[PDB]
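Just one chain is shown here, as structure tokens, and it is the form deposited in one PDB entry.
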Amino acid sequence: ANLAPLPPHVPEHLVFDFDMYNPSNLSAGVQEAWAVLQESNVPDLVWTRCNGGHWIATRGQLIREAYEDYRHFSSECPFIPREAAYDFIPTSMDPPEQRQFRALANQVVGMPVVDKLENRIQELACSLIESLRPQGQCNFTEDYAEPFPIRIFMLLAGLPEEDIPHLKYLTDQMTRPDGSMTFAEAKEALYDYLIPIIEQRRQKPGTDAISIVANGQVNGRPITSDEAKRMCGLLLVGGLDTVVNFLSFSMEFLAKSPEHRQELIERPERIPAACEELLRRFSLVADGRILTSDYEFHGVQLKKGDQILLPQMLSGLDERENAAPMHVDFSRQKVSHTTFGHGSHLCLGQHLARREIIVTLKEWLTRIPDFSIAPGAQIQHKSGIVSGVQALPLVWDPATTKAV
């Protein structure tokens, strides 16, 4: 059944064979499918024999504690299964070194860059939405959710419009390969692309993200072209699949809940709070760490080299962290989640992501206030490191919409 044999140190009462790439209840919705790990008969910390065999922490308190404890729970191997070539920076690095590359990456996506970009972000959203508005329909995932983050990256990185189809193909192969290329081939292709641009902006710098990363200082010396390509790499792929799929869950829910749409139409000042609460409800990342040594964690013996999945998705859904966690309530006094992670790798794009989400909601709801799922359509989710939405066919009446 693809169950790896149970390591001898793992007690049988801790075994719960969850499959993170194919969970049992997927058709109920992917968050609901993962929430099974939080039923009361399910221990706080379990081992699944799926996918090579690995721990899962199922409660927000454990998830946070392990993300904090990078000395036991290392990022050198963050993906399950173990045999899954990933050299992006700073994602596979622990502190101390991680902190250098992080401060550099922060100069390109940090809050003040985000404030600088806000209306470029709005102008992109408006032109995307305006072109769909008179059609009375779209595949949201395909027609807005994908083109939007990749266009934001071209803006940040100072890259030409004409490169978008090829860059999007390459990033698409990394996360949903059609078979043309291996992951390594897509990566090297991506590197082929970025190397000359980095070399040149080392020499004639702009005020764009590649210029900033190329001309950076690590541990007292300049960044190597290799380190630069591997950072620039993460800056591209880190903001695509997450944003594309998050925007999709959020639009799917809004299309299914006219009352929540109405609330934001009538009170657009609530849109930043609604953004936070959507990020809790439709959280969607689950990566992991590797044990640096033997370690007893909450009464459970963990072995050096064990992988442990620490699902960022699960902290906000945990009923010990938020009451009625499946209920969407834009007025939650305390929205608690780890949707952007927790600890030293906390999402560097978190400020860019919130602006992307806020602007999307504000702009869509004012131009196309009333929209629904396409009659007959059943929305299908998918599950993995980044869970998401397969497609989102939306429809509206063009007469009910505003040219702005």
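By rigid core we mean the largest C-alpha set that fits within 1.5 Å across both forms. Position 1 is the first residue in the sequence shown; the rest follow in order.
According to the entry, the stretch of the deposited sequence that connects residue 84 to residue 85 contains 1 to 3 residues lacking coordinates, which leaves a short gap in the model. Higher mean CA B-factor, judged across 192-200 and 147-155 from the recorded values: 192-200.
In this crystal structure, the stretch out of 201-209 and 323-331 whose C-alpha atoms carry the higher mean B factor is 201-209. The entry lists C-alpha B-factors for 311, 272, 179, 305, and the highest of these is at 179. Of all the options 33, 352, 361, 377, the entry's greatest CA B-factor is assigned to 377. When all modelled residues of the chain are sorted by CA temperature factor, residue 79 is found within the highest third. The entry lists a Cα temperature factor for residue 383 that places it in the lowest third of the chain's modelled residues. When the modelled residues of the chain are ordered by their C-alpha B factor, residue 390 lands in the lowest third. Ranked by Cα temperature factor within the chain, residue 169 sits in the middle third according to the deposited record. For residue 161, the recorded CA temperature factor ranks within the highest third of the chain's modelled residues.
The protein also exists as the form deposited in another entry; that form is not presented, and the subsequent description refers to it.
Residue shifts between this form and the one not shown, rigid core superposed: of 74, 312, 139, 173, the only C-alpha displaced by 2 Å or more belongs to 173. Taking the rigid core as fixed, one finds a CA shift for residue 297 smaller than 2 Å between this form and the one not shown.
Relative to the superposed core, residue 191 undergoes a Cα shift of 2 Å or more between this form and the one not shown. Residue 200: CA moves 2 Å or more between this form and the one not shown after rigid-core fitting.
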